[PDB]
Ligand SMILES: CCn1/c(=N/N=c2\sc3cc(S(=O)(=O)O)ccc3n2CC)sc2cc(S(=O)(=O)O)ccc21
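Below, in structure tokens: the form deposited without this ligand, a single chain.
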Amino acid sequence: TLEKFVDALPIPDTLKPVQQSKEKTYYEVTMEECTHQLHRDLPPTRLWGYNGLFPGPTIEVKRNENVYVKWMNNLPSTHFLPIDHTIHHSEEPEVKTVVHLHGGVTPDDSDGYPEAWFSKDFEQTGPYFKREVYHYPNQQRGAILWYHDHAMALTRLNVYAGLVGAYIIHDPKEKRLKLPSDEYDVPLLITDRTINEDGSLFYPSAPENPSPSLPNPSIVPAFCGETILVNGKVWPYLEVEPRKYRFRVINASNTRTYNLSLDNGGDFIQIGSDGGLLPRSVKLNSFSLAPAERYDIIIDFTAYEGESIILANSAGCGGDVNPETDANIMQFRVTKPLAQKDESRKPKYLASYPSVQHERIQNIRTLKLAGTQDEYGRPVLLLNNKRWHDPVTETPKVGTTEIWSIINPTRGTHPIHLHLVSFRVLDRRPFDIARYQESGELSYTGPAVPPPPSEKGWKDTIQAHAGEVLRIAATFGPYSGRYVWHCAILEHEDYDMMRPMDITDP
């Protein structure tokens, strides 16, 4: 297996507009079969990429920039990854695609609804499709967003194939904080993969111990890659200057949760969560990062000139972490000479607090993380006992604020994500699990615990741990329409831990 730290980290180019005016910015991105080398010692890999790139081009926008992206499909009619035709019921094309701007404050027909998919040149289109050219008005806080495929029953596959990319919102009012910028502001999209000797992607076509019950192919409830990539390279190194850098850390992995640290025991400074700048910077030695979460951090290399510091990982996936493989993410080498004085800062005071506003509670939704079992013996994961196709039940009123109480009686954590909104985190609290499943009755086995400082700002994707109740608060708006919410573990999302979320007007 593969030598760590032999390839330089790619930094995806910033996409140039096809057309741009003071009034609007117009982009085109076309999904393409392409080939790229993921490691010095691998034959080139066949992948699917936005504009033929893996990752996709980084998109950079200003707050309130009036942006249009025409997302196009120029992919083969047949997939190269194992499709399990038994998981959702229809004839439709095999390959369907739709692009979701994760974290985007987006009108509903531009949010990438799972059933607004389209095939090559939009020849066929799912029943919720309305438009070719998506509109992102970016009337939101500066933040790290990312874009990826969201097609019904295909998300885990189309993302694994390479359909991911970063999208950054710059709010000019933050410039005065003098945070590291430009070359010193670098996205890190982390994706675990398993790669065959011939260089092709491997994604499992059935679980461990294929019971000869199951279909072929069969969806699996979890995927753990043998290798870790950052920005499309296996275990890369990045040469940095001895100074402060900002990194936009994005977990673009299907299932895997990371728990990140530096091997010299040095510290990160977190300045931002999914929803933007935290009110105050937080010094951390480590942090958890589940699928779809984003951490905006500063790493201060000033005193570590000449050193090699590994970005390490302690969280296992399907087993204890292996020191020689998945315990490693990437390696910094502090050997780039300074291009100029480091005029960047690491302030304490970042932004006005979340409860700067008084909201009033319209509704309290109690939501259970559960899971029946299917025809073939496989676990099916469900939000509050509903399938995706059942009539909508999460129906908040535009303009109003709800508390959502997520109850997780399962043995694992679920990163729950809501489209459109970001939200504050209130608390987590433990409970009698056997009692909850035996009777449907909820008894707390300890006090409510507030979030850690990492989670005191704005979030859109949030870890709900086993045996706990998580409470979040969201004001739903500013758009009304048809959106979704789901577990961000893609293997779960596709079967069937995803439900519609209607935000109503009258």
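Numbers follow the displayed sequence, beginning with 1.
Not on display, but discussed next: the form solved in complex with this ligand.
A.B. asks: Contact between residue 67 and this ligand in the deposited bound form at 4.5 Å, heavy atoms?
C.D. replies: No, no contact at 4.5 Å.
A.B. asks: With the partner left out of view, is residue 73 within 4.5 angstroms of this ligand in the deposited bound form by any non-hydrogen atom?
C.D. replies: Judged by the heavy-atom cut-off of 4.5 Å, residue 73 is well away from this ligand in the deposited bound form.
A.B. asks: Residue-level contact is defined here as any heavy atom of the residue lying within 4.5 Å of this ligand in the deposited bound form; does residue 45 satisfy this criterion?
C.D. replies: Because no heavy atom of residue 45 falls inside 4.5 Å of this ligand in the deposited bound form, the answer is no.
A.B. asks: Decide whether residue 471 counts as a contact residue for this ligand in the deposited bound form under a heavy atom distance cut-off of 4.5 Å.
C.D. replies: So residue 471 counts as contacting this ligand.
A.B. asks: Counting only non-hydrogen atoms, choose the one of 398 to 406, 343 to 351, 244 to 252, 278 to 286 that falls within 4.5 Å of this ligand in the deposited bound form.
C.D. replies: Flagged stretch: 398 to 406.
A.B. asks: Looking at 193, 96, 233, 424, which has any heavy atom no more than 4.5 Å from this ligand in the deposited bound form?
C.D. replies: Comparing distances to this ligand in the deposited bound form, the residue within 4.5 Å is 424.
A.B. asks: Ok, 213, 302, 385, 355: which has a heavy atom sitting within 4.5 Å of this ligand in the deposited bound form?
C.D. replies: Result of the distance check: 355.
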